[PDB]
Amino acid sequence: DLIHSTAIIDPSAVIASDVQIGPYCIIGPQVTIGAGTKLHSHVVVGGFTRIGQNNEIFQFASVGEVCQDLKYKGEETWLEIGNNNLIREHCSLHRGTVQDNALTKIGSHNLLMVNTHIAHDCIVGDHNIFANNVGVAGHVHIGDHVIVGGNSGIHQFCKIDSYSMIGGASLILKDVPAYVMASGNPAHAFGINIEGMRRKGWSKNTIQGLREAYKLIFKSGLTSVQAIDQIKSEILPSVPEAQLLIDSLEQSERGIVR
């Protein structure tokens, strides 16, 4: 009785032996669910979805449904979810498009609060928190240890790098570099995520170097190239953590928040 008799499971589904599936769930074709995962009642896994281990998915979540992209033409595309994620009521996680790489991917140890939307072709890393009503549009790439405040929306193709923090009710139109606190509509940069650094017990020398690099990037009238060069020469040798900020600038395709 781990799988409720009222769950409707496509004959193609592959479900690990200790998986719990609650009443009235629907599991579509080509779905795999790994060990220790628990679905509550009333979960829909649309199709073509790989779910890892020890996940927990709550009622009224729509997981692995076809994307909202109007270019979509029925092509085979996928959603992947890693391990130890919490996916709350009324989330919507959509599959990829052929125009990108036919894949939406979420990593491990993520919290997706009520009504989190992960659009087609997002790539999301580990240990992220998406608060209530957060919308992540198509092709957005999110790193690790990011917090996205409630009722925020992220423009398609943005890159949201590790340890960043997005304030409640933000409209993110540009890339958010590593460690950066970005907030508002439209969102701008507000400093380094200091509290998050000290909450992970980060050193005085690290935080100070990252504060200096922030200043060089956002407040010193320097171009991206000039800022990177000054970080490399003055900060990176003793603060290797500064590399994540260099990466953000070098990988930015929409420009960065200001």
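All residue numbers refer to positions in the sequence shown, first residue = 1.
- Higher mean CA B-factor, judged across 38-46 and 202-210 from the recorded values: 202-210.
- Look at the C-alpha B-factors of 225-233 and of 50-58. On average they run higher in 225-233.
- Per the deposited coordinates, the residue with the largest Cα temperature factor out of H117, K71, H141, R88 is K71.
- Remark: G28 belongs to the middle third of its chain, ranked by C-alpha B-factor as recorded.
- In this PDB entry, the Cα temperature factor of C67 sits in the middle third of its chain's modelled residues.
- In the PDB entry, a CA B factor belonging to the highest third of its chain's modelled residues is recorded for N185.
- Per-chain ranking of the deposited C-alpha B factor places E75 in the highest third.
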